[PDB]
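Trainee: Just dropping this structure here.
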Ligand SMILES: Nc1ccc2c(c1)c(-c1ccccc1)[n+](CCCCCCc1cnnn1CCNc1c3c(nc4ccccc14)CCCC3)c1cc(N)ccc21
Ligand SMILES: *[C@@H]1O[C@H](CO[C@@H]2O[C@@H](C)[C@@H](O)[C@@H](O)[C@@H]2O)[C@@H](O)[C@H](O)[C@H]1NC(C)=O
């Protein structure tokens, strides 16, 4: 003070922040970027739960994105937008526990509903600073307060020797919880309403939102939840205590760390961060798709039991959730090492490649279980047809990992109190750089929900701009009221709740909302009711 914009000075519990007035297409928004919310988790704090940020003096500059959490950089297709857009856009550091706030400009006069975004990336990658998570459009067009946080990924976030003090597990989830606490204490300073906080997230972000729903301390920190293309139940989002111990111990051996828990973790704490990242992928029990080395653990603490036990016995009377999937959940995963598949050709595969693909996609399956999958997905009229085999391989991955875990989740919640709305997102961005065969891949509804197409410089179609406006309106209506439908609007077709009785959900595309029934019901009976029994 006291030259300098007076609408950009805010005090939080830790001291003064100076934000930055950014431009959105329709007008200005306030951004407070790189606010630290924890003591840097470095040195003797690696693998430890986060400690709250100690207060500072002077004005903290909150005008730029801060460091991204240490992680593996994707180099499948170097220079290719389709992969590069998910890669870190700030330097990598273990000092990375910072969050971001976008608010209208000037800041809202009455308490506004808050959306908190939790990025995905297999629990090994992601950053809140990526272009596709820019909160400026929701802030400007919908008047939302939007917050997003960095949380520790990979080993730093999730390496666990369960039972130990030095490496308890789930610390990445604990980072996210600390940011939720920081929102409760501080968000009013920005004109947000701590009594109206909605969590939303996609992929591992979605599974995280889910874990917060199933964890007691978290439940008093938010009111409503959105889970896009991910769930806490299912094959990849968690691991048993035993399995996490196994993986931690193997990684320790692989980097030279040999023999009780204190010694082992102390040695790990002296290894360069990059060394851990360089070995991260070597601890998986089988060759596999849609599996990640270091993920939330079932510790009997953050997670008192498996997500499955918790969804089946929890009381969800007070909860409102929006859940959904994209048309082609599996397709992107196939180019990460499934033989026969690529972004540069049509990936027309053979029957042999489809069976080999299934062993990889369902790694936990016996010979019998795998034959069951293959038989179920074969087109018996054209069983050698390479186009169908390619689409089948895709659907096997997508159904087993996302669609059917989502279906089970929606079903259990609705059955046990929750108001649940469900969607399938079916529009392929006209600006998409992946080939057509991949359809609508994992992650490609995000840029629409966040309103990117409203940026004229981005080259989306006019109808796409209107489409993003609809979606932003649904997401923010849901944040505001627990119901995505416009209360005043009469002309627009209604989005009904999902129920066990009727199993209704909506198509999200360029055409007006169509109500559909049964979310791959038949096939999800195979994956959710039959396959588990067969694995015995
Ligand atoms: N060159 C290879 C070949 C085989 C394997 C390799 C790499 C990698 C890999 C390791 C380090 C860095 C990058 C990749 N992974 C690790 C996981 C790979 C999963 C890739 C897809 C994904 C899913 N969630 N996060 N990501 C990482 C990339 N970020 C994306 C994200 C999203 N969507 C997409 C869609 C298309 C391409 C990328 C992508 C949406 C959410 C967030 C991230 C595999 C994992 C396996 N279980 C098997 C094979 C391979
Ligand atoms: C499609 O591509 C897969 C990956 O191979 C890569 O791309 C092709 C176009 C070649 O130029 C190759 O040298 C690259 O490494 C192949 O494994 C697969 O066999 C291909 N399938 C068909 C049907 O052509």
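Don't overthink the numbers, they just go from 1 along the chain as shown.
Determined via X-ray crystallography, 2.6 Å.
Positions of Cβ are set from backbone N, Cα and C atoms, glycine also.
Found this in Swiss-Prot, in case it helps:
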ACT_SITE  203  active site, acyl-ester intermediate
ACT_SITE  329  active site, charge relay system
ACT_SITE  442  active site, charge relay system
DISULFID  69-96  disulfide bond
DISULFID  257-267  disulfide bond
DISULFID  404-524  disulfide bond
CARBOHYD  260  N-linked glycosylation site
CARBOHYD  345  N-linked glycosylation site
CARBOHYD  459  N-linked glycosylation site
Trainee: Got a sec? Which of 96, 345, 459, 524, the recorded positions, have CB under 6 Å of any ligand 2 atom?
Mentor: 345
Trainee: I'd like the Cβ neighbour count for residue 96 (disulfide bond), meaning other Cβ atoms within 10 Å of its Cβ, all protein chains included.
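Mentor: Around residue 96 (disulfide bond), other Cβ atoms within 10 Å: 28.
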Trainee: Given 203, 257, 442 as the recorded positions, which ones have a Cβ positioned under 6 Å from some atom of ligand 1?
Mentor: 203, 442
Trainee: Rounded to a whole angstrom, what is the C-alpha distance between residue 203 (active site, acyl-ester intermediate) and residue 524 (disulfide bond)?
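Mentor: For residue 203 (active site, acyl-ester intermediate) versus residue 524 (disulfide bond), the Cα atoms are 19 Å apart.
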Trainee: Report, in whole Å, the straight Cα-to-Cα distance of residue 260 (N-linked glycosylation site) from residue 442 (active site, charge relay system).
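Mentor: Between the Cα atoms of residue 442 (active site, charge relay system) and residue 260 (N-linked glycosylation site), the distance comes to 41 Å.
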Trainee: In this deposited model, 5 residues are left out between residue 258 and residue 259; how far apart are their Cα atoms, in Å?
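Mentor: Cα separation at the break: 7 Å.
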Trainee: Cβ atoms within 10 Å, counted per site: which of 203, 260, 345, 459 has the most, among these recorded positions?
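Mentor: Within the set of recorded positions, the most crowded position is 203.
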Trainee: In this structure, which of the disulfide-bonded residues 257, 267 has the fewest other Cβ atoms within 10 Å of its Cβ?
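Mentor: Sparsest of the disulfide-bonded residues 257, 267 by Cβ contacts within 10 Å: 267.
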Trainee: Between the Cα atoms of residue 257 (disulfide bond) and residue 329 (active site, charge relay system), find the distance and write it as a whole number of Å.
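Mentor: The separation of the Cα atoms works out to 38 Å.
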Trainee: Going by DSSP, is residue 69 (disulfide bond) sitting in a helix, a strand, or coil?
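Mentor: Once the DSSP labels are grouped into three classes, residue 69 (disulfide bond) ends up as strand.
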Trainee: Of the recorded positions 69, 260, 404, 524, which one has its Cα closest to the Cα of residue 329 (active site, charge relay system)?
Mentor: 404
Trainee: If you count the C-beta atoms lying within 10 Å of each candidate's C-beta, which of the disulfide-bonded residues 69, 404 ends up with the smallest number?
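Mentor: Relative to the other disulfide-bonded residues in 69, 404, 404 has the fewest Cβ atoms within 10 Å.
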Trainee: Cα distance, residue 267 (disulfide bond) to residue 459 (N-linked glycosylation site), nearest Å?
Mentor: 51
Trainee: How long is the line from the C-alpha of residue 267 (disulfide bond) to the C-alpha of residue 260 (N-linked glycosylation site), rounded to the nearest angstrom?
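Mentor: Checking the Cα atoms of residue 267 (disulfide bond) and residue 260 (N-linked glycosylation site) gives a distance of 11 Å.
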